[PDB]
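Asks: Please see the structure below; I have some questions.
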Amino acid sequence: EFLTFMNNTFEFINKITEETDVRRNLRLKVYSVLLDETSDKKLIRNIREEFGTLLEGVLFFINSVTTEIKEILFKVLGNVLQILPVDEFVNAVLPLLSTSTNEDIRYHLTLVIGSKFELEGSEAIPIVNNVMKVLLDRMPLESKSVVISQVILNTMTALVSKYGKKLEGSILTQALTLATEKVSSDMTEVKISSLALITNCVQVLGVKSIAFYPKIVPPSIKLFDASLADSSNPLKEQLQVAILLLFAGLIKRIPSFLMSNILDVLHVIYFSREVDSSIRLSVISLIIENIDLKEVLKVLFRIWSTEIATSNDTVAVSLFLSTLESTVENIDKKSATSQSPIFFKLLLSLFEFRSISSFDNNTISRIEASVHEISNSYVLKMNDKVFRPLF
Amino acid sequence: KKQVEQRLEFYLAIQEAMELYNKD
Amino acid sequence: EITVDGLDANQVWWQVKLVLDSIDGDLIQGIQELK
Amino acid sequence: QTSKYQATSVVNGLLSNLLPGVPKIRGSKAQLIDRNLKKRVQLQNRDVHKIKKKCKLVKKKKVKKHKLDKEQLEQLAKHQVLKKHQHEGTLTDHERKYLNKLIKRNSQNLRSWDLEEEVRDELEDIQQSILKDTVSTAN
RNA sequence: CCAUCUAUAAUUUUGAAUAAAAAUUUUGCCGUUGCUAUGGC
C-alpha cells in the first residue's frame with residue numbers, strides 16, 4: 001500500500017530525471033543558463049542552492065531506506081549528479097558539507113565529490129585546490145567520526161594521486177603535515193589512510209619532503225613493531241602492507257636519505273608475516289635497483305647475526321637469501337673487492353648456521369647450497385691481491 | 001528432422017560503498 | 001633550506017650535494033660573464 | 001564493514017601505482033625456501049612496464065570519451081543561447097560574428113552550385129538562341 | 001631408475017578432551033540402485 005506507492009513515486013521521479021531534445025533534457029537547460037551571459041547571477045545562485053537541497057534530499061532517502069526501491073533511488077541519484085557541471089557541483093556541495101548535520105549524509109557527500117574528479121582532466125586544477133582546502137579545514141572537526149575521518153583522507157589521497165604535482169605547493173605541504181599527525185591516531189583505519197597519504201605526498205614532493213623525514217620513517221618503524229604484537233587486529237594485513245608500501249614509495253623517491261635507515265627497512269620486510277611473499281619479494285627488488293649495493297652488503301651482515309640467524313622463520317631466511325643473491329649478481333667489480341672482508345665475515349657465519357639452526361637436514365642442505373653458489377659468484381669478480389689474504 | 005534440430009542447436013563505484021554502509 | 005634537525009651527517013650531506021651541484025652551474029656561468 | 005572496504009581500497013590503489021604486477025589484497029620447509037627463490041627470478045622477469053601501459057590506456061579512453069561528451073553537450077546549449085538571443089535581439093558582438101561567419105560559409109558553398117561566370121557567358125548566348133526561335137513573337 | 005632423506009596416513013604416552021609428543025609401520029558428465037552395483041551421452 002504505502003510502500004508500493006513510494007516504489008511507483010520514485011519511478012515517477014526517475015522518469016522525469018532520466019536523460020532518455022534540448023527543451024526536454026534538464027541537463028542541457030542548466031548548461032544554457034550557465035552559458036547564457038545575460039542570465040542573472042542571482043538566478044544562477046538559485047540553481048546551485050536548489051540542487052544542494054535536491055542532492056541532500058535523495059541522499060536522505062538512500063541513507064534511511066526494499067531492495068527494488070533502494071536501486072531506484074540510485075537511479076535518481078545518478079541522474080541528479082549529472083544535472084550540473086563540475087564547476088557548479090563543487091560550489092553547490094562543498095558549503096553543504098559543513099551545513100549537513102548527519103554523519104551519514106556527510107559520508108555520502110564526500111564520496112560523490114571524489115567520483116566527479118575520477119574522470120576529469122587538468123581543467124579542474126583550480127577547482128581541486130578549493131576542494132582540498134575545504135577538506136583540510138574540516139579534518140580537525142570530523143576527528144570524532146572514524147568513517148568520515150578515513151573517507152576524507154582517502155579522497156585527498158586520490159586527489160594527490162591524480163595531477164597532484166599541478167596542485168599548489170602549500171596544500172601539498174599542508175596535507176603532508178596533516179597526515180604525519182594522524183599516523184599516531186589509535187584507530188587502525190586512520191593509520192592506514194594516513195600512511196597512504198604520506199606515500200602519495202612524498203612521491204609528489206620528492207626531496208622537498210626531507211624536512212618531514214624524521215616524522216615519517218622513525219614513527220613508521222615503531223608502528224610496525226606494535227603491529228606484530230597486535231595479531232588480533234582485523235586489519236593487520238592491510239596495516240602491514242600500508243607500512244611496506246610506504247617504504248616502497250620512498251625507496252624509489254629518496255634512496256640516498258633512506259640509505260642510513262635501510263637496516264630497519266629490511267627488518268620490516270623480513271618479519272612482516274601477514275604480507276604475502278610476492279609483495280615482500282617485489283619491494284626487495286626496488287632496494288637493489290635504487291639503493292647503493294655497498295651499504296646493503298654491510299647491513300646484510302648485521303641483520304643476519306642479530307635477528308635472522310636466531311629467528312628460525314623460514315620466510316625470513318628465504319627472503320634474506322633472495323636479497324643476498326641479488327646483491328652479489330649486481331654488485332660491481334670495484335664494489336665487490338672493497339667489501340670483500342665484510343662478505344667473507346658473513347660467509348663464515350652462514351657456514352656455521354647448521355650448528356644453531358633448528359630446521360631439519362633438507363632445509364639446511366638447501367640453504368647451504370644457495371650459500372655456496374653466491375660465494376663462488378662473489379669470489380669470482382675479484383683479483384688475486386684481495387683474495388689471497390682472505391683465503 | 002530431429003537430427004537437424006540437434007545440428008541447429010550446436011551451431012557506479014559509489015553504489016557498492018553506499019550499500020555496505022547501510023548494512024552497518 | 002638545509003634541514004639539520006634529526007638528520008645524521010650523511011643525510012645532511014645529500015641535501016648539500018643536491019643544492020651545491022645545482023648552484024654550481026649558474027655560478028660558473030656568472031664568473032665567466034665577469035671574467 | 002565499510003571501514004574494512006575503505007582500508008582495502010586505499011591499499012589496493014597504492015599496489016597498482018607502485019607494484020603493478022603484484023596481486024591485490026582480498027609442508028616441508030625446504031620446499032618453501034625453493035618456491036621463494038624461484039619467485040625471485042620469475043618476478044624479476046615480469047613485464048611490469050606493459051602492465052602500466054594498459055592501465056594508462058584504459059583510463060585515457062574513459063577520460064577522452066567523457067571529454068567529448070562535454071564538448072558535444074556544451075555545443076548544443078551554446079547554439080540554443082544563440083537561438084534565444086537572436087530571437088529577442090540580445091545578439092552580442094561575439095554572437096553576431098559567429099552568425100556572420102555562417103552567412104559566409106553558406107554563401108560560399110552555394111557559389112559552387114552557382115557555377116563560373118565564364119560558362120554563363122556562353123550559356124546565356126545559347127539560351128537566347130533557343131528561346132528566340134521557340135518563343136518566336138517576331139510577328 | 002634405485003637407495004637415502006622428507007611428506008601423507010595408522011597404533012601409542014601426558015591428556016576429561018583439544019593439543020603436542022616420544023615411539024613404531026568404480027565413472028569426463030548426467031541418473032538409478034545399495035550402505036554396493038549398473039543405466040544414458
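As shown in the C-alpha cells, the chain order sets the letters A, B, ...; within each chain, residues go from 1, and ligands are also counted from 1 in the order they appear.
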Show me, as a VMD selection string, the residues that have an atom within 12 Å of residue 41 in chain E when counting only C-alpha atoms (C1' of nucleotides), minus same-chain residues fewer than 4 positions from it.
Replies: chain E and resid 28 to 31
Asks: Could you write out that same residue set with C-alpha atoms (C1' of nucleotides) as a PDB file, in the first residue's frame?
Replies:
ATOM      1  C1'   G E  28      34.614 -36.932 -18.131  1.00  0.00           C
ATOM      2  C1'   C E  29      29.278 -35.549 -17.347  1.00  0.00           C
ATOM      3  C1'   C E  30      24.204 -36.957 -16.009  1.00  0.00           C
ATOM      4  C1'   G E  31      20.981 -40.879 -13.251  1.00  0.00           C
TER       5        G E  31
END
Asks: What residues in chain D have any atom no more than 6 Å from chain A when counting only C-alpha atoms, and can you write them as a PyMOL selection string?
Replies: chain D and resi 30+33+63+77+81
Asks: Selection from above, N, CA, C and O atoms, as a PDB file, in the first residue's frame, can you write it?
Replies:
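Ended up saving to out.pdb:
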ATOM      1  N   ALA D  30      61.838 -27.013   3.400  1.00  0.00           N
ATOM      2  CA  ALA D  30      62.772 -26.916   2.283  1.00  0.00           C
ATOM      3  C   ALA D  30      62.050 -26.538   0.999  1.00  0.00           C
ATOM      4  O   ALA D  30      62.587 -25.796   0.170  1.00  0.00           O
ATOM      5  N   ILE D  33      61.459 -22.753   0.961  1.00  0.00           N
ATOM      6  CA  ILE D  33      62.634 -21.956   0.618  1.00  0.00           C
ATOM      7  C   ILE D  33      62.784 -21.868  -0.895  1.00  0.00           C
ATOM      8  O   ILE D  33      63.052 -20.797  -1.450  1.00  0.00           O
ATOM      9  N   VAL D  63      38.559   9.005 -20.011  1.00  0.00           N
ATOM     10  CA  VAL D  63      38.649  10.458 -19.923  1.00  0.00           C
ATOM     11  C   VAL D  63      38.343  11.089 -21.274  1.00  0.00           C
ATOM     12  O   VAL D  63      37.611  12.082 -21.363  1.00  0.00           O
ATOM     13  N   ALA D  77      24.010  23.527 -26.091  1.00  0.00           N
ATOM     14  CA  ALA D  77      23.480  24.628 -25.294  1.00  0.00           C
ATOM     15  C   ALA D  77      23.982  25.968 -25.807  1.00  0.00           C
ATOM     16  O   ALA D  77      23.257  26.968 -25.756  1.00  0.00           O
ATOM     17  N   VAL D  81      21.534  29.189 -26.749  1.00  0.00           N
ATOM     18  CA  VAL D  81      21.730  30.564 -26.296  1.00  0.00           C
ATOM     19  C   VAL D  81      21.727  31.512 -27.487  1.00  0.00           C
ATOM     20  O   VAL D  81      21.188  32.623 -27.415  1.00  0.00           O
TER      21      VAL D  81
END
Asks: Check every residue of chain B for an atom within 10 Å of chain A, counting only C-alpha atoms, and provide those that qualify as a list in words.
Replies: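 Every residue meeting the condition is included here: residues 12, 13, 14, 15, 17, 18, 19, 21 and 22 of chain B.
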Asks: Using N, CA, C and O atoms, can you write the selected residues to a file as a PDB file, in the first residue's frame?
Replies:
ATOM      1  N   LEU B  12      28.143   1.859 -10.787  1.00  0.00           N
ATOM      2  CA  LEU B  12      28.659   3.001 -10.042  1.00  0.00           C
ATOM      3  C   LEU B  12      29.512   2.537  -8.867  1.00  0.00           C
ATOM      4  O   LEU B  12      29.094   1.685  -8.084  1.00  0.00           O
ATOM      5  N   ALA B  13      30.716   3.104  -8.751  1.00  0.00           N
ATOM      6  CA  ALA B  13      31.593   2.749  -7.641  1.00  0.00           C
ATOM      7  C   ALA B  13      30.986   3.165  -6.308  1.00  0.00           C
ATOM      8  O   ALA B  13      31.093   2.436  -5.314  1.00  0.00           O
ATOM      9  N   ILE B  14      30.349   4.336  -6.267  1.00  0.00           N
ATOM     10  CA  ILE B  14      29.716   4.799  -5.035  1.00  0.00           C
ATOM     11  C   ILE B  14      28.593   3.855  -4.622  1.00  0.00           C
ATOM     12  O   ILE B  14      28.254   3.752  -3.437  1.00  0.00           O
ATOM     13  N   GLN B  15      27.996   3.155  -5.590  1.00  0.00           N
ATOM     14  CA  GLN B  15      26.892   2.250  -5.283  1.00  0.00           C
ATOM     15  C   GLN B  15      27.298   1.194  -4.263  1.00  0.00           C
ATOM     16  O   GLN B  15      26.573   0.949  -3.292  1.00  0.00           O
ATOM     17  N   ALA B  17      29.898   1.102  -2.078  1.00  0.00           N
ATOM     18  CA  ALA B  17      30.174   1.686  -0.771  1.00  0.00           C
ATOM     19  C   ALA B  17      28.886   2.123  -0.086  1.00  0.00           C
ATOM     20  O   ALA B  17      28.778   2.076   1.145  1.00  0.00           O
ATOM     21  N   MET B  18      27.901   2.560  -0.871  1.00  0.00           N
ATOM     22  CA  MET B  18      26.651   3.049  -0.298  1.00  0.00           C
ATOM     23  C   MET B  18      25.876   1.920   0.381  1.00  0.00           C
ATOM     24  O   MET B  18      25.330   2.104   1.476  1.00  0.00           O
ATOM     25  N   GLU B  19      25.795   0.751  -0.264  1.00  0.00           N
ATOM     26  CA  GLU B  19      25.060  -0.374   0.314  1.00  0.00           C
ATOM     27  C   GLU B  19      25.754  -0.916   1.557  1.00  0.00           C
ATOM     28  O   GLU B  19      25.090  -1.295   2.529  1.00  0.00           O
ATOM     29  N   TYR B  21      27.477   0.624   3.822  1.00  0.00           N
ATOM     30  CA  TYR B  21      27.215   1.460   4.988  1.00  0.00           C
ATOM     31  C   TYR B  21      25.838   1.177   5.574  1.00  0.00           C
ATOM     32  O   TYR B  21      25.667   1.169   6.798  1.00  0.00           O
ATOM     33  N   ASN B  22      24.841   0.949   4.716  1.00  0.00           N
ATOM     34  CA  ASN B  22      23.502   0.646   5.211  1.00  0.00           C
ATOM     35  C   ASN B  22      23.495  -0.644   6.023  1.00  0.00           C
ATOM     36  O   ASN B  22      22.739  -0.773   6.993  1.00  0.00           O
TER      37      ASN B  22
END
Asks: If we count only C-alpha atoms, which residues of chain A reach to within 9 Å of chain C? Please list them as a VMD selection string.
Replies: chain A and resid 207 210 to 211 213 to 214 256 to 260
Asks: Record the distance separating CA of residue 72 in chain A and CA of residue 96 in chain A, expressed in Å with one decimal.
Replies: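 Atom-to-atom, CA of residue 72 in chain A and CA of residue 96 in chain A are spaced 23.9 Å apart.
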